[PDB]
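Just the one chain here, the form deposited without adenosine-5'-diphosphate (ADP), laid out as structure tokens.
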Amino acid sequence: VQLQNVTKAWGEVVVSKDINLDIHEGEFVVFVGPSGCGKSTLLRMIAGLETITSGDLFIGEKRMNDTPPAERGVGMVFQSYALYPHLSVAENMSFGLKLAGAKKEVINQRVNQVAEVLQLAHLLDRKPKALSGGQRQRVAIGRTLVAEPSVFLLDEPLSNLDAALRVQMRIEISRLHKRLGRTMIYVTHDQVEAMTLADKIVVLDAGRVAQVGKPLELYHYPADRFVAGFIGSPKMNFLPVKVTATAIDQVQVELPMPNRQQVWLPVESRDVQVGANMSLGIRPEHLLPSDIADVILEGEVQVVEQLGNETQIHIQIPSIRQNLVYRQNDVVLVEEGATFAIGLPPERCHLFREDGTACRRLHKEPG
């Protein structure tokens, strides 16, 4: 699967601008982004269920822009797929692949096989009705699974399933993905899942492609502020700062804290001017405990949540409008109003220009 200049609009309303994705055979790619990143359309644009008003689309190799959906070699499942009311569970799950199958021999084999793996063995001879809504969805998945299509299109397939089932299926997915080394494209909002399944994640924004790379690549090296703010749940912290000096691959910034402290960051230094107001990023998880000074940020506690395995502390700081979110392991016992101190590790700070573009971090991160 490959895309070259793919574009789509409705007169002027654009929802897919110049996208070029080069998906290699066997790769498990994951599409992420917010509300209208248009990540679903694009999945649909690939299956044919949506028109491509420009550019090219190849699958297998041959151009596919005008190939009816059922002939592209792709398979699909999404949110709450509807099964065939009259067909039994076993009848479903086999529907596809039946549509060109080596008779009961193969069908009645991939079925029961893929059945066990989805904890459905004891439902084979039943109807879509008198069946849990969580099992129905698993059935929907099964079909695509026994068909072993050339390319799997998955759109938040486990959305239905509840925590403590979605983990089992999130695993069966990879297992299957490994056995049948066929290409797979997945869409979600569950960032763990993404980081867990993907070989490559494509982050979408405004219909455009914000960035593509391996999981730990987008995490340690966001290409811009949008991606920095998008990958990672207790969103990265951004502190307005002013640059006070630049040297070969260095660049010094003046923090918002009183005593106007200056800190040198190991970053690209390319398109950065002395006096330019830029942004600094620091993930809640990378903020130091304070027992390690060297640039300390102090403020007053606003919120405090006990997750039981960790503790997120919302800290306010005069000369920092927005709060600073912090993550510390286990149980820290601090009440609201109390005063809290944390540390700022320079080798883990990001620096974005007004442009919003990142100043290539130079700290070699493992992995």
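Basically, rigid core = biggest C-alpha set you can superpose within 1.5 Å across the two forms. Numbers for residues come from their place in the sequence shown, where the first is 1.
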Selected stretch [higher average CA B-factor]: 28 to 36 or 58 to 66: 58 to 66
174 to 182 set against 260 to 268, stretch whose average Cα temperature factor tops the other in the entry: 174 to 182
From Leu280, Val74, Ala210, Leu131, residue of greatest CA B-factor: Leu131
Residue selected from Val15, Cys349, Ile23, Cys359 by maximal Cα B factor: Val15
Where the record places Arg225 (Cα B-factor, split into thirds across the chain): lowest
Modelled-residue ranking by C-alpha temperature factor, third containing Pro345: lowest
For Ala163, the third of its chain into which the C-alpha B factor falls: highest
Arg321 by Cα B-factor - lowest, middle or highest third of the modelled chain: highest
Relative C-alpha B-factor of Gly232, binned into the chain's lowest, middle or highest third: lowest
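Keep in mind the form solved in complex with adenosine-5'-diphosphate (ADP) is missing from the figure; the text below concerns it.
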Among 300 to 308, 336 to 344, 31 to 39, 56 to 64, the region lying within 4.5 Å of adenosine-5'-diphosphate (ADP) in the bound PDB entry by heavy atom distance: 31 to 39
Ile23: touches adenosine-5'-diphosphate (ADP) in the bound PDB entry, heavy atom cutoff 4.5 angstroms: no
Heavy atom of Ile19 within 4.5 Å of adenosine-5'-diphosphate (ADP) in the bound PDB entry: no
Core-superposed comparison between this form and the one not shown - Cα displaced by 2 angstroms or more, from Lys200, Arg166, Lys242, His286: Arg166
Rigid core superposed: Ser269 CA moves 2 Å or more between this form and the one not shown: no
Per-residue C-alpha change between this form and the one not shown, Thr53, threshold 2 Å, rigid core fit: no
After fitting the core, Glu254 CA displacement of 2 Å or more between this form and the one not shown: no
